[PDB]
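What follows is the content of query.cif, which has mmCIF, C-alpha atoms; chains and numbers go by the auth columns:
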```
data_final
#
loop_
_atom_site.group_PDB
_atom_site.id
_atom_site.type_symbol
_atom_site.label_atom_id
_atom_site.label_comp_id
_atom_site.label_asym_id
_atom_site.label_seq_id
_atom_site.Cartn_x
_atom_site.Cartn_y
_atom_site.Cartn_z
_atom_site.B_iso_or_equiv
_atom_site.auth_seq_id
_atom_site.auth_asym_id
ATOM 1 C CA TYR A 1 -30.022 -27.680 -21.257 0.00 1 A
ATOM 2 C CA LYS A 2 -26.476 -28.928 -22.101 0.00 2 A
ATOM 3 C CA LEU A 3 -24.034 -29.570 -19.189 0.00 3 A
ATOM 4 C CA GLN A 4 -20.569 -27.885 -19.270 0.00 4 A
ATOM 5 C CA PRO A 5 -17.744 -28.234 -16.660 0.00 5 A
ATOM 6 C CA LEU A 6 -18.001 -24.966 -14.638 0.00 6 A
ATOM 7 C CA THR A 7 -16.938 -23.643 -11.190 0.00 7 A
ATOM 8 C CA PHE A 8 -20.079 -22.710 -9.188 0.00 8 A
ATOM 9 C CA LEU A 9 -20.318 -20.925 -5.806 0.00 9 A
ATOM 10 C CA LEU A 10 -23.087 -22.851 -3.961 0.00 10 A
ATOM 11 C CA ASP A 11 -25.015 -21.619 -0.873 0.00 11 A
ATOM 12 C CA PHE A 12 -25.922 -24.668 1.276 0.00 12 A
ATOM 13 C CA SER A 13 -29.000 -24.211 3.539 0.00 13 A
ATOM 14 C CA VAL A 14 -29.223 -25.542 7.152 0.00 14 A
ATOM 15 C CA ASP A 15 -31.818 -27.956 5.655 0.00 15 A
ATOM 16 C CA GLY A 16 -28.872 -29.053 3.445 0.00 16 A
ATOM 17 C CA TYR A 17 -30.581 -28.211 0.116 0.00 17 A
ATOM 18 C CA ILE A 18 -28.974 -25.424 -2.005 0.00 18 A
ATOM 19 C CA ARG A 19 -31.414 -22.546 -2.715 0.00 19 A
ATOM 20 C CA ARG A 20 -28.817 -20.152 -4.255 0.00 20 A
ATOM 21 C CA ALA A 21 -25.939 -20.659 -6.750 0.00 21 A
ATOM 22 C CA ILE A 22 -23.489 -18.379 -8.678 0.00 22 A
ATOM 23 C CA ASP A 23 -21.485 -19.087 -11.890 0.00 23 A
ATOM 24 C CA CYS A 24 -18.029 -17.398 -12.095 0.00 24 A
ATOM 25 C CA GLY A 25 -18.065 -17.485 -15.935 0.00 25 A
ATOM 26 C CA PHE A 26 -21.176 -15.304 -16.496 0.00 26 A
ATOM 27 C CA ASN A 27 -20.671 -11.513 -15.783 0.00 27 A
ATOM 28 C CA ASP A 28 -17.914 -9.477 -14.007 0.00 28 A
ATOM 29 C CA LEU A 29 -19.826 -9.382 -10.661 0.00 29 A
ATOM 30 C CA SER A 30 -20.040 -13.214 -10.491 0.00 30 A
ATOM 31 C CA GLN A 31 -16.201 -13.494 -10.610 0.00 31 A
ATOM 32 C CA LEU A 32 -16.059 -10.987 -7.693 0.00 32 A
ATOM 33 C CA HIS A 33 -18.631 -13.161 -5.816 0.00 33 A
ATOM 34 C CA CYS A 34 -16.563 -16.330 -6.533 0.00 34 A
ATOM 35 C CA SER A 35 -13.555 -14.451 -5.047 0.00 35 A
ATOM 36 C CA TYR A 36 -13.744 -14.419 -1.171 0.00 36 A
ATOM 37 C CA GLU A 37 -16.147 -17.422 -1.557 0.00 37 A
ATOM 38 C CA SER A 38 -18.979 -15.010 -0.568 0.00 38 A
ATOM 39 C CA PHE A 39 -22.417 -14.304 -2.151 0.00 39 A
ATOM 40 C CA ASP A 40 -22.166 -10.703 -0.801 0.00 40 A
ATOM 41 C CA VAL A 41 -18.814 -8.789 -0.994 0.00 41 A
ATOM 42 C CA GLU A 42 -17.687 -5.291 0.179 0.00 42 A
ATOM 43 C CA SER A 43 -18.504 -2.346 -2.173 0.00 43 A
ATOM 44 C CA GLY A 44 -15.523 -0.991 -4.178 0.00 44 A
ATOM 45 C CA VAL A 45 -13.725 -0.958 -7.571 0.00 45 A
ATOM 46 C CA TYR A 46 -12.217 -4.391 -8.420 0.00 46 A
ATOM 47 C CA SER A 47 -9.979 -5.448 -11.364 0.00 47 A
ATOM 48 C CA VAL A 48 -11.487 -8.129 -13.703 0.00 48 A
ATOM 49 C CA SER A 49 -9.923 -10.561 -16.248 0.00 49 A
ATOM 50 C CA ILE B 1 39.682 10.388 4.935 0.00 1 B
ATOM 51 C CA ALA B 2 40.534 13.168 7.424 0.00 2 B
ATOM 52 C CA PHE B 3 38.632 14.556 10.435 0.00 3 B
ATOM 53 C CA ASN B 4 38.298 18.306 9.759 0.00 4 B
ATOM 54 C CA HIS B 5 38.825 20.034 13.139 0.00 5 B
ATOM 55 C CA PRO B 6 35.985 22.347 14.339 0.00 6 B
ATOM 56 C CA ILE B 7 37.119 25.804 15.580 0.00 7 B
ATOM 57 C CA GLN B 8 38.653 25.236 19.052 0.00 8 B
ATOM 58 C CA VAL B 9 37.526 27.732 21.754 0.00 9 B
ATOM 59 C CA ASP B 10 39.569 27.648 25.017 0.00 10 B
ATOM 60 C CA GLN B 11 37.732 27.952 28.377 0.00 11 B
ATOM 61 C CA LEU B 12 39.140 30.839 30.497 0.00 12 B
ATOM 62 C CA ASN B 13 40.198 29.999 34.105 0.00 13 B
ATOM 63 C CA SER B 14 38.690 33.392 35.141 0.00 14 B
ATOM 64 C CA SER B 15 34.911 33.794 35.765 0.00 15 B
ATOM 65 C CA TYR B 16 34.659 35.735 32.453 0.00 16 B
ATOM 66 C CA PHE B 17 34.075 33.290 29.541 0.00 17 B
ATOM 67 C CA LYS B 18 35.221 33.484 25.876 0.00 18 B
ATOM 68 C CA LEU B 19 32.665 32.880 23.059 0.00 19 B
ATOM 69 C CA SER B 20 32.779 32.778 19.208 0.00 20 B
ATOM 70 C CA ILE B 21 30.114 34.910 17.408 0.00 21 B
ATOM 71 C CA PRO B 22 29.164 34.646 13.656 0.00 22 B
ATOM 72 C CA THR B 23 29.713 37.707 11.375 0.00 23 B
ATOM 73 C CA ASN B 24 27.734 36.766 8.189 0.00 24 B
ATOM 74 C CA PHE B 25 24.185 35.455 7.377 0.00 25 B
ATOM 75 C CA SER B 26 25.389 32.757 4.876 0.00 26 B
ATOM 76 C CA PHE B 27 21.826 31.685 3.789 0.00 27 B
ATOM 77 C CA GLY B 28 20.975 29.153 1.018 0.00 28 B
ATOM 78 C CA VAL B 29 20.740 25.721 2.778 0.00 29 B
ATOM 79 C CA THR B 30 18.161 23.286 1.181 0.00 30 B
ATOM 80 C CA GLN B 31 17.620 19.621 -0.116 0.00 31 B
ATOM 81 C CA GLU B 32 14.956 17.118 1.177 0.00 32 B
ATOM 82 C CA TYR B 33 12.647 14.314 -0.202 0.00 33 B
ATOM 83 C CA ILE B 34 10.142 11.929 1.535 0.00 34 B
ATOM 84 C CA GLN B 35 8.979 9.263 -1.046 0.00 35 B
ATOM 85 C CA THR B 36 5.432 9.390 0.491 0.00 36 B
ATOM 86 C CA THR B 37 3.699 7.062 -2.064 0.00 37 B
ATOM 87 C CA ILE B 38 4.519 4.139 -4.464 0.00 38 B
ATOM 88 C CA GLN B 39 3.017 3.095 -7.870 0.00 39 B
ATOM 89 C CA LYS B 40 -0.235 1.018 -7.673 0.00 40 B
ATOM 90 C CA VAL B 41 -0.314 -2.276 -9.683 0.00 41 B
ATOM 91 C CA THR B 42 -3.196 -4.805 -10.090 0.00 42 B
ATOM 92 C CA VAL B 43 -2.375 -8.339 -11.424 0.00 43 B
ATOM 93 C CA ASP B 44 -4.739 -9.740 -14.133 0.00 44 B
ATOM 94 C CA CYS B 45 -5.883 -13.392 -13.657 0.00 45 B
ATOM 95 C CA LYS B 46 -6.054 -15.921 -16.592 0.00 46 B
ATOM 96 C CA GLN B 47 -4.394 -13.552 -19.131 0.00 47 B
ATOM 97 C CA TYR B 48 -1.027 -13.588 -17.292 0.00 48 B
ATOM 98 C CA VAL B 49 -0.697 -17.419 -17.000 0.00 49 B
#
```
Would you mind giving the structure from this file in structure tokens?
Amino acid sequence: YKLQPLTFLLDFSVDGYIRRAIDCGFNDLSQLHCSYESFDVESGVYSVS
Amino acid sequence: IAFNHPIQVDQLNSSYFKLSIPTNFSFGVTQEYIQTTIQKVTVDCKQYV
């Protein structure tokens, strides 16, 4: 798989090894997740690019 | 700019008192606005810059 510069929201475990990641570029929901720096965000209608 | 004088009613020295009583209904007063709400605007990221 090719590597591209991307901004990724990373969930760091207490063990210190990431088990979850999110990419802002793919999908409208991922940009909402990148906003607030949170994997889970409040339900609602949000503007997108 | 002039101060218009309101009708002047003298106070009687005697126990009996003098009062001014209206003779006509004179309806038709009106005019009020509250500005309860304002327009809602959402900024668009990336496209604006």
### Query
Which residues match the PyMOL selection byres ((chain A) within 12 of (chain B)) in the file above, as an MDAnalysis selection string?
chainID A and resid 31 35 45:49
### Message
One decimal, in Å: what's the spacing between atom CA of residue 10 of chain A and atom CA of residue 32 of chain A?
### Response
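Between atom CA of residue 10 of chain A and atom CA of residue 32 of chain A the gap works out to 14.3 Å.
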### Message
Would you compute the distance between atom CA of residue 10 of chain B and atom CA of residue 29 of chain B? Give it in Å to one decimal.
### Response
29.2 Å
#### Entry: Coordinates-based distance that separates atom CA of residue 36 of chain A from atom CA of residue 4 of chain A (Å, one decimal)
23.6 Å
### Query
Any chance you could work out the residue set of the PyMOL selection byres ((chain A and resi 33) around 12) here, as a list in words?
residues 7, 8, 9, 10, 11, 21, 22, 23, 24, 25, 26, 27, 28, 29, 30, 31, 32, 34, 35, 36, 37, 38, 39, 40, 41, 42, 43, 46 and 48 of chain A
N, CA and C atoms are needed for segment 6-22 of chain B; please write them out as a PDB file, in the frame of the given file.
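Result file is selection-v1.pdb:
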```pdb
ATOM      1  N   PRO B   6      36.869  21.201  14.133  1.00  0.00           N
ATOM      2  CA  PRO B   6      35.985  22.347  14.339  1.00  0.00           C
ATOM      3  C   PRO B   6      36.780  23.441  15.063  1.00  0.00           C
ATOM      4  N   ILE B   7      36.335  24.696  14.963  1.00  0.00           N
ATOM      5  CA  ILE B   7      37.119  25.804  15.580  1.00  0.00           C
ATOM      6  C   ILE B   7      37.243  25.485  17.072  1.00  0.00           C
ATOM      7  N   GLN B   8      38.447  25.618  17.631  1.00  0.00           N
ATOM      8  CA  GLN B   8      38.653  25.236  19.052  1.00  0.00           C
ATOM      9  C   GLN B   8      38.597  26.500  19.912  1.00  0.00           C
ATOM     10  N   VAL B   9      37.668  26.539  20.870  1.00  0.00           N
ATOM     11  CA  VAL B   9      37.526  27.732  21.754  1.00  0.00           C
ATOM     12  C   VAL B   9      37.985  27.330  23.158  1.00  0.00           C
ATOM     13  N   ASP B  10      39.026  27.987  23.674  1.00  0.00           N
ATOM     14  CA  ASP B  10      39.569  27.648  25.017  1.00  0.00           C
ATOM     15  C   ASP B  10      38.608  28.144  26.100  1.00  0.00           C
ATOM     16  N   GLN B  11      38.577  27.470  27.252  1.00  0.00           N
ATOM     17  CA  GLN B  11      37.732  27.952  28.377  1.00  0.00           C
ATOM     18  C   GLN B  11      38.623  28.722  29.355  1.00  0.00           C
ATOM     19  N   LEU B  12      38.292  29.990  29.617  1.00  0.00           N
ATOM     20  CA  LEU B  12      39.140  30.839  30.497  1.00  0.00           C
ATOM     21  C   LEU B  12      39.061  30.353  31.947  1.00  0.00           C
ATOM     22  N   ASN B  13      40.189  30.365  32.663  1.00  0.00           N
ATOM     23  CA  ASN B  13      40.198  29.999  34.105  1.00  0.00           C
ATOM     24  C   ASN B  13      39.364  31.030  34.871  1.00  0.00           C
ATOM     25  N   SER B  14      39.416  32.295  34.446  1.00  0.00           N
ATOM     26  CA  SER B  14      38.690  33.392  35.141  1.00  0.00           C
ATOM     27  C   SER B  14      37.176  33.230  34.970  1.00  0.00           C
ATOM     28  N   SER B  15      36.393  33.906  35.816  1.00  0.00           N
ATOM     29  CA  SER B  15      34.911  33.794  35.765  1.00  0.00           C
ATOM     30  C   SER B  15      34.415  34.239  34.386  1.00  0.00           C
ATOM     31  N   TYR B  16      35.041  35.268  33.811  1.00  0.00           N
ATOM     32  CA  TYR B  16      34.659  35.735  32.453  1.00  0.00           C
ATOM     33  C   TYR B  16      34.886  34.598  31.455  1.00  0.00           C
ATOM     34  N   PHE B  17      33.974  34.428  30.494  1.00  0.00           N
ATOM     35  CA  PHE B  17      34.075  33.290  29.541  1.00  0.00           C
ATOM     36  C   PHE B  17      34.254  33.815  28.114  1.00  0.00           C
ATOM     37  N   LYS B  18      34.926  33.036  27.263  1.00  0.00           N
ATOM     38  CA  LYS B  18      35.221  33.484  25.876  1.00  0.00           C
ATOM     39  C   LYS B  18      34.286  32.759  24.902  1.00  0.00           C
ATOM     40  N   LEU B  19      33.648  33.500  23.989  1.00  0.00           N
ATOM     41  CA  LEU B  19      32.665  32.880  23.059  1.00  0.00           C
ATOM     42  C   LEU B  19      32.978  33.278  21.612  1.00  0.00           C
ATOM     43  N   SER B  20      32.568  32.452  20.644  1.00  0.00           N
ATOM     44  CA  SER B  20      32.779  32.778  19.208  1.00  0.00           C
ATOM     45  C   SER B  20      31.445  33.215  18.595  1.00  0.00           C
ATOM     46  N   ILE B  21      31.405  34.381  17.943  1.00  0.00           N
ATOM     47  CA  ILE B  21      30.114  34.910  17.408  1.00  0.00           C
ATOM     48  C   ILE B  21      30.191  35.046  15.881  1.00  0.00           C
ATOM     49  N   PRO B  22      29.184  34.548  15.127  1.00  0.00           N
ATOM     50  CA  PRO B  22      29.164  34.646  13.656  1.00  0.00           C
ATOM     51  C   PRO B  22      29.071  36.077  13.103  1.00  0.00           C
TER      52      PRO B  22
END
```
